[PDB]
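Engineer: Please find one structure pasted underneath; my questions will follow.
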């Protein structure tokens, strides 16, 4: 029985510790960092019911399954389970209905209140390409708490850390207006990325030359024209404009 090991020796990784999701590592991955919130992840999975029958796998699509993590584009068990994996790692998941499909189930193969089994391999994980151009890459350190997002003309209060290829140049808590980061010596990218950020959201930002300081560079910071920068943005508080 392949489901036996994860059912009896599986580590509970749920926040409530209700045994909703149980995990067993089959192959150890490589590296140190686990994929973050919003990060684009590439996987190969195999889903089996409590009776043993397979219902869904990425291999019969003949391609890797890809999604944004933490966004609820998959079942809750995946969002949590994969967020604990390393690159190249294979693991097993025993997921209670509360972290899967629940009392309603899924037509036509998943029954009501079904406990499920999953073997997922994390093939690769990449950052969140904020504008589908690779210009600004986001990797979220911490989830925010916001129903809304700062708009153009929104007054904001953020902590900001900026480095130039490994040399940090900017560190401060700034209060400014969205669209007008220029005045406070702030790249266009930050202002562009704030529009897709929540209250209390920490994230790391990889800026392309187009969203850095541009052909001008930044002399007071000692930054050459069209330089790639790395920022940590912490949106503390904001007020949207009319």
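Shown for chain A, in order and in Swiss-Prot numbering: 13-254.
If you check the header, you will see the structure was determined by X-ray crystallography, 4.0 Å.
Every residue, even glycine, has its Cβ placed from backbone N, Cα and C.
Just lifted these from Swiss-Prot, have a look:
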MOD_RES   13  phosphoserine
MOD_RES   28  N6-acetyllysine
DOMAIN    42-130  domain 'PPIase FKBP-type 1'
MOD_RES   155  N6-acetyllysine
DOMAIN    157-243  domain 'PPIase FKBP-type 2'
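Can you walk me through where each of these features ends up in the structure?
Structural biologist: Following the DSSP three-state reduction, the secondary structure of residue 13 (phosphoserine) is coil. Here residue 13 (phosphoserine) comes close to no residue that lies at least six apart in sequence on the same chain with a C-beta under 8 angstroms from its C-beta.
Residue 28 (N6-acetyllysine) falls outside any helix or strand according to DSSP and counts as coil. A simple way to gauge crowding: the CB of residue 28 (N6-acetyllysine) has 8 other CB atoms within 10 angstroms, across all the protein chains here.
In the three-state DSSP scheme, residue 155 (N6-acetyllysine) is classed as coil. A C-beta separation below 8 Å, combined with a sequence spacing of at least six in one chain, links residue 155 (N6-acetyllysine) to 49, 82, 210, 213.
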Engineer: On the DSSP side of things, how many residues of the domain 'PPIase FKBP-type 1' (42-130) fall into helix, strand and coil, could you say?
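Structural biologist: Going through the domain 'PPIase FKBP-type 1' (42-130) residue by residue, I get 14 helix, 30 strand, 45 coil.
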